[PDB]
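Text of entry23.cif (mmCIF, C-alpha atoms) as supplied:
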```
data_run
loop_
_atom_site.label_atom_id
_atom_site.label_comp_id
_atom_site.auth_asym_id
_atom_site.auth_seq_id
_atom_site.Cartn_x
_atom_site.Cartn_y
_atom_site.Cartn_z
CA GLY A 1 42.04 -223.68 -59.57
CA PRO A 2 42.74 -225.74 -62.66
CA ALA A 3 46.20 -226.89 -61.53
CA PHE A 4 44.81 -228.04 -58.17
CA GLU A 5 41.91 -229.83 -59.84
CA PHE A 6 44.41 -231.56 -62.15
CA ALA A 7 46.72 -232.45 -59.21
CA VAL A 8 43.91 -233.96 -57.12
CA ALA A 9 42.71 -236.27 -59.87
CA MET A 10 46.33 -237.20 -60.70
CA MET A 11 47.13 -238.17 -57.11
CA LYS A 12 43.89 -240.06 -56.71
CA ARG A 13 44.50 -242.16 -59.75
CA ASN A 14 48.25 -242.56 -59.83
CA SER A 15 49.86 -241.86 -56.45
CA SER A 16 50.53 -243.99 -53.44
CA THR A 17 52.50 -243.92 -50.14
CA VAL A 18 55.67 -246.00 -49.95
CA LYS A 19 57.82 -246.93 -47.00
CA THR A 20 61.35 -248.27 -47.54
CA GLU A 21 63.97 -248.80 -44.88
CA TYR A 22 65.11 -245.23 -45.70
CA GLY A 23 61.84 -243.47 -45.06
CA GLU A 24 58.32 -242.75 -46.31
CA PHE A 25 57.77 -241.21 -49.70
CA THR A 26 55.05 -240.30 -52.15
CA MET A 27 55.19 -242.63 -55.18
CA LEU A 28 53.84 -241.87 -58.66
CA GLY A 29 52.72 -244.61 -61.06
CA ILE A 30 53.56 -243.73 -64.65
CA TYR A 31 52.11 -246.53 -66.80
CA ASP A 32 51.58 -250.34 -66.65
CA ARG A 33 53.42 -251.40 -63.43
CA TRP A 34 56.19 -248.79 -63.58
CA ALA A 35 56.35 -246.09 -60.86
CA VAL A 36 58.97 -243.53 -59.77
CA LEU A 37 60.52 -242.69 -56.44
CA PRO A 38 63.31 -240.32 -55.48
CA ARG A 39 66.61 -242.21 -55.72
CA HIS A 40 67.37 -241.81 -52.08
CA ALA A 41 64.33 -243.87 -51.08
CA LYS A 42 66.65 -246.85 -52.01
CA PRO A 43 63.81 -249.33 -52.44
CA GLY A 44 64.69 -252.94 -51.77
CA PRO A 45 63.31 -256.18 -53.23
CA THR A 46 60.01 -255.27 -51.53
CA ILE A 47 58.50 -251.92 -50.46
CA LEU A 48 55.43 -251.16 -48.38
CA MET A 49 52.92 -249.65 -50.83
CA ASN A 50 49.86 -248.34 -49.02
CA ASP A 51 50.87 -250.53 -46.07
CA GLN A 52 51.18 -253.63 -48.08
CA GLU A 53 54.15 -255.55 -49.16
CA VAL A 54 54.66 -255.30 -52.86
CA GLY A 55 57.56 -256.91 -54.57
CA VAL A 56 59.75 -254.83 -56.80
CA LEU A 57 60.53 -256.72 -59.97
CA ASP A 58 63.06 -254.27 -61.34
CA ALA A 59 64.48 -250.96 -60.29
CA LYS A 60 66.53 -248.52 -62.27
CA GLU A 61 68.45 -245.48 -60.96
CA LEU A 62 68.24 -242.99 -63.75
CA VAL A 63 71.30 -241.23 -65.02
CA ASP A 64 72.06 -238.92 -67.96
CA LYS A 65 74.38 -239.61 -70.90
CA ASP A 66 77.41 -238.70 -68.81
CA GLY A 67 76.36 -240.96 -66.00
CA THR A 68 75.29 -237.98 -63.90
CA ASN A 69 72.64 -238.56 -61.25
CA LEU A 70 69.07 -237.62 -62.02
CA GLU A 71 67.86 -238.68 -58.55
CA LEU A 72 65.05 -240.85 -59.79
CA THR A 73 64.53 -244.56 -59.47
CA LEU A 74 62.06 -246.30 -61.80
CA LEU A 75 60.43 -249.39 -60.26
CA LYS A 76 58.42 -252.21 -61.88
CA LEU A 77 55.88 -253.49 -59.40
CA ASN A 78 54.55 -256.99 -58.80
CA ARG A 79 50.83 -256.45 -58.73
CA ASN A 80 47.92 -257.02 -61.00
CA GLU A 81 46.64 -253.50 -61.35
CA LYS A 82 48.00 -251.30 -64.16
CA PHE A 83 48.55 -247.57 -63.61
CA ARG A 84 46.61 -245.15 -65.69
CA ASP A 85 49.12 -244.11 -68.42
CA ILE A 86 50.17 -240.50 -67.71
CA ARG A 87 53.04 -240.26 -70.13
CA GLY A 88 51.30 -237.72 -72.31
CA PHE A 89 51.37 -235.40 -69.30
CA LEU A 90 55.21 -235.57 -69.18
CA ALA A 91 57.20 -233.00 -71.13
CA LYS A 92 60.02 -233.77 -73.53
CA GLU A 93 62.26 -231.20 -71.86
CA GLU A 94 62.30 -229.32 -68.52
CA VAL A 95 59.26 -227.19 -68.08
CA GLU A 96 59.40 -223.76 -66.44
CA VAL A 97 56.07 -222.59 -65.12
CA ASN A 98 55.01 -219.42 -63.24
CA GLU A 99 52.60 -221.37 -61.01
CA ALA A 100 53.00 -225.03 -59.95
CA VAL A 101 51.40 -227.24 -57.30
CA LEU A 102 53.40 -229.78 -55.22
CA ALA A 103 51.20 -232.75 -54.10
CA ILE A 104 52.12 -235.08 -51.28
CA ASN A 105 50.68 -238.33 -50.20
CA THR A 106 52.34 -239.95 -47.18
CA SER A 107 51.05 -241.29 -43.83
CA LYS A 108 52.26 -238.06 -42.28
CA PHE A 109 51.10 -235.83 -45.16
CA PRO A 110 48.18 -237.64 -46.71
CA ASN A 111 46.43 -235.71 -49.44
CA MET A 112 48.28 -232.45 -49.10
CA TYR A 113 48.73 -229.79 -51.93
CA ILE A 114 51.21 -226.86 -51.91
CA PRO A 115 51.20 -223.93 -54.38
CA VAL A 116 54.95 -223.36 -54.76
CA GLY A 117 54.98 -220.48 -57.15
CA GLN A 118 57.49 -220.10 -59.99
CA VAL A 119 59.43 -223.15 -61.09
CA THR A 120 62.69 -222.55 -62.86
CA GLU A 121 65.22 -224.70 -64.57
CA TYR A 122 67.89 -224.64 -61.95
CA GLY A 123 70.08 -227.23 -63.57
CA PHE A 124 73.06 -228.51 -61.66
CA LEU A 125 72.85 -228.89 -57.92
CA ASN A 126 75.08 -230.85 -55.67
CA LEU A 127 72.42 -232.80 -53.79
CA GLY A 128 73.27 -234.54 -50.56
CA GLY A 129 76.84 -234.40 -51.79
CA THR A 130 76.13 -235.55 -55.36
CA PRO A 131 76.13 -233.59 -58.65
CA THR A 132 72.63 -233.81 -60.00
CA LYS A 133 71.13 -232.44 -63.16
CA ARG A 134 67.75 -231.50 -64.56
CA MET A 135 66.59 -229.92 -61.26
CA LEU A 136 63.53 -227.67 -61.23
CA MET A 137 63.66 -225.13 -58.40
CA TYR A 138 60.94 -223.45 -56.45
CA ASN A 139 61.18 -221.14 -53.45
CA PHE A 140 59.42 -222.99 -50.57
CA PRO A 141 60.55 -223.97 -47.05
CA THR A 142 60.33 -227.58 -48.17
CA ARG A 143 61.16 -230.60 -45.88
CA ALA A 144 61.78 -234.33 -46.05
CA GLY A 145 58.55 -236.27 -45.96
CA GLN A 146 57.81 -234.24 -49.03
CA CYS A 147 60.22 -236.29 -50.98
CA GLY A 148 58.56 -237.95 -53.92
CA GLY A 149 55.95 -235.22 -53.91
CA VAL A 150 54.53 -234.68 -57.40
CA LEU A 151 55.16 -231.24 -58.98
CA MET A 152 52.39 -230.26 -61.44
CA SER A 153 50.74 -227.46 -63.38
CA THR A 154 47.53 -227.65 -65.34
CA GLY A 155 47.66 -230.69 -67.59
CA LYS A 156 51.35 -231.18 -66.82
CA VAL A 157 53.33 -233.49 -64.52
CA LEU A 158 56.62 -231.61 -64.19
CA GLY A 159 58.74 -233.63 -61.75
CA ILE A 160 59.18 -235.42 -58.39
CA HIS A 161 60.38 -233.65 -55.23
CA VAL A 162 63.84 -234.88 -54.26
CA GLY A 163 65.39 -232.40 -51.94
CA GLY A 164 65.66 -228.94 -50.52
CA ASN A 165 68.08 -226.72 -48.62
CA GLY A 166 65.60 -225.46 -46.11
CA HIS A 167 64.64 -222.52 -48.33
CA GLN A 168 64.22 -223.81 -51.90
CA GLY A 169 62.91 -227.25 -52.91
CA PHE A 170 64.05 -229.17 -55.94
CA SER A 171 62.36 -231.67 -58.22
CA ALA A 172 63.90 -234.07 -60.65
CA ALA A 173 62.25 -233.26 -64.01
CA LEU A 174 60.07 -236.12 -65.21
CA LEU A 175 60.87 -236.45 -68.85
CA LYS A 176 58.99 -238.42 -71.38
CA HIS A 177 62.02 -240.29 -72.63
CA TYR A 178 62.70 -241.92 -69.33
CA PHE A 179 59.63 -244.17 -69.87
CA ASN A 180 60.04 -244.83 -73.60
#
```
Do you think you could lay out the structure here as structure tokens?
Amino acid sequence: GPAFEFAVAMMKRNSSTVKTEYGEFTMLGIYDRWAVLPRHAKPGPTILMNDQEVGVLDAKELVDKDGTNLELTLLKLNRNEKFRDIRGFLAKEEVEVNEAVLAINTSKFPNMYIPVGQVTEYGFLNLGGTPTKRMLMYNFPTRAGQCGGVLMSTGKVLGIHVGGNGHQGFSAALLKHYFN
């Protein structure tokens, strides 16, 4: 109950639906005008956010100290509204939880919440052909269209859904240090 209550308020206040030329994704605003999308959404100079064209002022594909993919792209958006600052909900290091909720907000999956069970630090995973670290794994028949989904537990935003192999789903951990 508490994790779903947390997730609902979090999506209401900080999530949106984004369409790029590579698909439709759930997007999570972090603070000010900075939001995150899975890297493979490959946002261009403009994205459709909630059906409307929003310019992207800056985009950064996150990588670790070795240059290894983290599968996250941080975007600075050209719009007046500031996102509610959720950085205090982001851990300093990968969080393993016994119960997590995956929240999706797309045209196809508007306001949907999925209890995915145990989340474990999976680590390295060759995703869509690329070595990727800091993956959090959960055992759910996950699909595309869930990409960008927000993985949460009570009072914690754990990561963003970036992939799956038809049986397990994986989220890029959303670490505090990525946003200062």
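Once the PyMOL selection byres ((chain A and resi 172) around 6) is applied to this file, the selection holds residues 135, 159, 160, 171 and 173 of chain A.
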Running the PyMOL selection byres ((chain A and resi 15) around 6) on this model by hand, what would come out? Give it as an mmCIF file with C-alpha atoms, in the coordinates of the input.
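Dumped to out.cif:
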```
data_model
loop_
_atom_site.group_PDB
_atom_site.id
_atom_site.type_symbol
_atom_site.label_atom_id
_atom_site.label_comp_id
_atom_site.auth_asym_id
_atom_site.auth_seq_id
_atom_site.Cartn_x
_atom_site.Cartn_y
_atom_site.Cartn_z
ATOM 1 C CA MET A 11 47.130 -238.170 -57.110
ATOM 2 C CA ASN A 14 48.250 -242.560 -59.830
ATOM 3 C CA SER A 16 50.530 -243.990 -53.440
ATOM 4 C CA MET A 27 55.190 -242.630 -55.180
ATOM 5 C CA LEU A 28 53.840 -241.870 -58.660
#
```
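Restricting the calculation to all atoms listed in the file, the smallest distance between residue 61 in chain A and any of A:45, A:38, A:117, A:149 is found for A:38.
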Next on the checklist: Restricting the calculation to all atoms listed in the file: of A:47, A:158, A:130, A:146, which residue gets closest to residue 67 in chain A?
Outcome noted: A:130
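We find CA of residue 58 in chain A and CA of residue 78 in chain A to be spaced 9.3 Å apart.
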Item to check | Best match for closeness to residue 168 in chain A among A:8, A:150, A:119, A:54, counting only C-alpha atoms | outcome: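 Nearest candidate to residue 168 in chain A out of A:8, A:150, A:119, A:54: A:119.
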On this structure, the PyMOL selection byres ((chain A and resi 95) around 12) would catch which residues? List them as an mmCIF file with C-alpha atoms, in the frame of the given file, sorted by chain and number.
```
data_model
loop_
_atom_site.group_PDB
_atom_site.id
_atom_site.type_symbol
_atom_site.label_atom_id
_atom_site.label_comp_id
_atom_site.auth_asym_id
_atom_site.auth_seq_id
_atom_site.Cartn_x
_atom_site.Cartn_y
_atom_site.Cartn_z
ATOM 1 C CA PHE A 89 51.370 -235.400 -69.300
ATOM 2 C CA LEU A 90 55.210 -235.570 -69.180
ATOM 3 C CA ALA A 91 57.200 -233.000 -71.130
ATOM 4 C CA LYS A 92 60.020 -233.770 -73.530
ATOM 5 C CA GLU A 93 62.260 -231.200 -71.860
ATOM 6 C CA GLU A 94 62.300 -229.320 -68.520
ATOM 7 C CA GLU A 96 59.400 -223.760 -66.440
ATOM 8 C CA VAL A 97 56.070 -222.590 -65.120
ATOM 9 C CA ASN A 98 55.010 -219.420 -63.240
ATOM 10 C CA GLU A 99 52.600 -221.370 -61.010
ATOM 11 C CA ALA A 100 53.000 -225.030 -59.950
ATOM 12 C CA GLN A 118 57.490 -220.100 -59.990
ATOM 13 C CA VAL A 119 59.430 -223.150 -61.090
ATOM 14 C CA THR A 120 62.690 -222.550 -62.860
ATOM 15 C CA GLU A 121 65.220 -224.700 -64.570
ATOM 16 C CA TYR A 122 67.890 -224.640 -61.950
ATOM 17 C CA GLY A 123 70.080 -227.230 -63.570
ATOM 18 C CA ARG A 134 67.750 -231.500 -64.560
ATOM 19 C CA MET A 135 66.590 -229.920 -61.260
ATOM 20 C CA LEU A 136 63.530 -227.670 -61.230
ATOM 21 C CA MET A 137 63.660 -225.130 -58.400
ATOM 22 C CA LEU A 151 55.160 -231.240 -58.980
ATOM 23 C CA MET A 152 52.390 -230.260 -61.440
ATOM 24 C CA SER A 153 50.740 -227.460 -63.380
ATOM 25 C CA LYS A 156 51.350 -231.180 -66.820
ATOM 26 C CA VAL A 157 53.330 -233.490 -64.520
ATOM 27 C CA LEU A 158 56.620 -231.610 -64.190
ATOM 28 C CA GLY A 159 58.740 -233.630 -61.750
ATOM 29 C CA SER A 171 62.360 -231.670 -58.220
ATOM 30 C CA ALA A 172 63.900 -234.070 -60.650
ATOM 31 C CA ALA A 173 62.250 -233.260 -64.010
ATOM 32 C CA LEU A 174 60.070 -236.120 -65.210
ATOM 33 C CA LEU A 175 60.870 -236.450 -68.850
ATOM 34 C CA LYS A 176 58.990 -238.420 -71.380
#
```
Checklist entry - Expressed in Å to a single decimal, how great is the separation between CA of residue 64 in chain A and CA of residue 154 in chain A? => result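 One can read the CA of residue 64 in chain A to CA of residue 154 in chain A distance as 27.1 Å.
One finds CA of residue 13 in chain A at 18.5 Å from CA of residue 114 in chain A.
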